[PDB]
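The structure under discussion appears below in the form of structure tokens.
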Amino acid sequence: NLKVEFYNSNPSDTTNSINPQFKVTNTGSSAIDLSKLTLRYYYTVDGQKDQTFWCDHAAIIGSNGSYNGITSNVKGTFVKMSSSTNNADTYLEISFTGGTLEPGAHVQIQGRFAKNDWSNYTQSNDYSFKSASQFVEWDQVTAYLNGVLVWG
Ligand SMILES: [Ca+2]
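The numbering of the sequence shown is the deposited numbering, which starts it at 1 and goes up by one.
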């Protein structure tokens, strides 16, 4: 049982970097193994090029407010959709090398990706894009636990 909130920190239509911000909260009664959790951000690549993901900042915040920095545990991979839609031909898949999300805890992920030649994207044709001043509940990003959908 989890809740996913999301926004894009940089809303410019034309940009050389995309910055998905995720916050995932365990609203259930038992711990979740983060090594089994994946998150998807769907978009159109606007000219296929090699891409790279980095996490700017990620942390697991306990129910009491404890802080555990996990930035270097956050991995990103790019997956092509073999049948594209008008607003999705690729997703960034965010995964974790390890960690545990206790009941009432949340993990916040400040993601970033770019083409290796730093060429432009257009965000207006990206399914998952959400301009907001802060995290909002958003059902156009998805989450899977051990490959089983848990948000979306
Ligand atoms: Ca696009």
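Every residue gets a Cβ at the ideal spot worked out from N, C-alpha and C, and that includes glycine.
By Cβ distance below 7 angstroms, which residues in the same chain neighbour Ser29 in space, the five residues on each side in sequence not counted?
Taken in chain order, the residues that qualify are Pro103.
Start and end of the beta strand (DSSP E) containing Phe135?
From DSSP, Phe135 is part of no beta strand (DSSP E); its letter is neither H nor E.
So does the region 128 to 142 actually touch the region 51 to 70, counting three or more Cβ pairs closer than 8 angstroms?
At 8 angstroms Cβ cutoff, the stretches do not touch.
Report the CB separation of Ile18 from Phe113 in whole angstroms; it is logged as a contact under 8 angstroms.
Their Cβ separation, rounded to whole angstroms, is 5 angstroms, which keeps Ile18 and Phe113 in contact under 8 angstroms.
Any chance the region 142 to 151 sits against the region 32 to 50, with 3 or more Cβ pairs inside 8 angstroms?
As far as the Cβ criterion goes, the region 142 to 151 touches the region 32 to 50, which means the pair count is three or higher.
Please list, following the chain, all residues that have a C-beta closer than 7 angstroms to any non-hydrogen atom of ligand 1.
My final list is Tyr43, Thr44, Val45, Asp46, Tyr121, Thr122, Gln123, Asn125 and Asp126.
If distances are taken between C-alpha atoms only, which option among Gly99, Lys23 and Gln108 comes closest to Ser35?
Selected option, being the one with the closest Cα: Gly99.
Can you tell me where the beta strand (DSSP E) holding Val107 begins and where it ends?
Taken as a continuous stretch (DSSP letters only), the beta strand (DSSP E) holding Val107 covers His106 to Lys115.
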